[PDB]
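Written below as structure tokens is the structure these notes are about.
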Amino acid sequence: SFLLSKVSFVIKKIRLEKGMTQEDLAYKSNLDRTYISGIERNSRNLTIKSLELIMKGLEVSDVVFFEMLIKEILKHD
Amino acid sequence: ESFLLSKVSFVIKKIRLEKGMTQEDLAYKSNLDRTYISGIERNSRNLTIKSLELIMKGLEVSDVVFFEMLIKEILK
DNA sequence: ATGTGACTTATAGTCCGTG
DNA sequence: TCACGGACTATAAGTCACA
């Protein structure tokens, strides 16, 4: 899956920009630390609701997240 | 009771009706069961990103177009 | 046509760990 | 702190019999 690797790239990018650990993100997302790791390393198939939890844990608006996703989708060569 | 979910379901339906397609046509094109797509449009199915990809492919819409439409629906 | 409850099967997502 | 794995539970995927 093409889209999952882009979602998971954007998640890890924002997390690092915010200086958050995977545990910080797990805690603010109401998700397990190993699930955050799984998402980032293995581009796990998130639900819409868990994606929403994560964007909330990253403290980014949905719009900003989806604009970054679009950027990552349009990246080429 | 999810803000994002209600926006995603509204966009899938909006594009489906824009393409003049029935849920059954969408089922055919996405290889998903029509009663499964009904549940999504009715906001009663927390779909994964994989399922959303099959739906977007079924709608013959690019990810970028779908996301731009989702952004606009979020801003309304 | 679409909608829905009530399922079975597959997997999202949690919990217990390690080096 | 995080990659990685076993084993588990909660819930999504997928289906159908109605409505």
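Note on naming: letters A, B, ... go to the chains in the order of the sequence lines (proteins, then strands), and numbering restarts at 1 for each one. Only this structure's heavy atoms are used, side chains among them; waters, hydrogens and symmetry mates stay out.
Closest to the B:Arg34 side chain, of the nucleotides D:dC4, D:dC18, C:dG13, is D:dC18. Which of C:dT2, C:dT14, D:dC4 sits closest to the side chain of A:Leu31 comes down to C:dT14. When the nucleotides C:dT14, D:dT15, D:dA12 are ranked by their closest atom to the side chain of A:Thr34, C:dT14 comes out on top. Closest to the side chain of B:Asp33, out of C:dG3, D:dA3, D:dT15, is D:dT15. With D:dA17, C:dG13, D:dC2 as the candidates, the nucleotide lying closest to the side chain of A:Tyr35 is C:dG13.
In this structure, A:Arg33 does not pair ionically with A:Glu23, as no charged nitrogen and carboxylate oxygen lie closer than 4.0 Å. At a threshold of 4.0 Å, the pair B:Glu53-B:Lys50 does not count as salt-bridged, since none of the basic side-chain nitrogens sits closer than that to a carboxylate oxygen.
Side-chain contact between A:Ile70 and B:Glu68 is present, with heavy atoms from C-beta onward closer than 4.5 Å. In this structure, A:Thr47 and B:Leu47 have side chains that are not in contact, with every pair of non-hydrogen atoms separated by 4.5 Å or more.
Using a 4.0 Å heavy-atom criterion, one finds that B:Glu24 contacts the bases of the nucleic acid, with or without backbone contacts as well. Contacts of A:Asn30 with the nucleic acid, taken as non-hydrogen atoms under 4.0 Å apart, involve only primed sugar atoms and P, OP1 or OP2.
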side-chain hydrogen bond (donor to acceptor under 3.5 Å, both in side chains) assessment of A:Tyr35 paired with A:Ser50: CA-CA 10 Å; A:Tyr35 198 47; A:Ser50 290; 5.6 Å; no
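Nearer the 5' end of DNA chain C, as judged by each residue's closest nucleotide, is the contact made by B:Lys13, out of B:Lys13 and B:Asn46. Comparing A:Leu46 and B:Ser38 by the nucleotide of DNA chain C that holds the closest heavy atom to each, the one mapping nearer the 5' end is B:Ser38.
For the salt bridge (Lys or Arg N to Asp or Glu O under 4.0 Å) criterion with B:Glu60, the lone passing option out of B:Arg16, B:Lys29, B:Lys19 is B:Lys29.
Residue B:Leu54 contributes atom CG, which lies 13 Å from atom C1' of D:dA12 at whole-angstrom precision. Whole-Å rounding puts the A:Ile39 CD1 to D:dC4 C1' distance at 16 Å. Across the protein-nucleic acid pair, A:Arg44 atom CZ and D:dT11 atom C1' stand 13 Å apart, rounded to whole Å. Rounded to whole angstrom, the span from the CG atom of B:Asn43 across to the P atom of C:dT4 amounts to 11 Å. We find that CG of A:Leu16 is positioned 12 Å from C1' of D:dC2, with the value rounded to whole Å. When rounded to the nearest whole Å, the span between CD1 of B:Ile37 and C1' of C:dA1 equals 14 Å. The CG atom of A:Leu25 sits 12 Å away from the P atom of C:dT14 (whole-angstrom rounding). The CG-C1' distance, from B:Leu52 to C:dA12, rounds to 16 Å in whole Å.
In this model, the phosphate group of D:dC2 is approached by a side-chain N or O of A:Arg15 to a distance below 4.0 Å at OP1 or OP2. Look at B:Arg42 and you'll find a side-chain N or O under 4.0 angstrom from OP1 or OP2 of C:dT4. An OP1 or OP2 oxygen of C:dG13 is reached within less than 4.0 angstrom by a side-chain nitrogen or oxygen of A:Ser50. Considering only side-chain N and O atoms, A:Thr47 lies nowhere under 4.0 angstrom from the phosphate OP1 or OP2 of C:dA12.
Nucleotide D:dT1 is matched to nothing when pairs are restricted to Watson-Crick or G-U wobble geometry with both distances under 3.5 angstrom.
The pentose of C:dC16 belongs to the north class of puckers. Its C1'-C2'-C3'-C4' angle has a positive sign. Pucker annotation for D:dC8 reads north, on the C3'-endo side, since its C1'-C2'-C3'-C4' dihedral is above zero.
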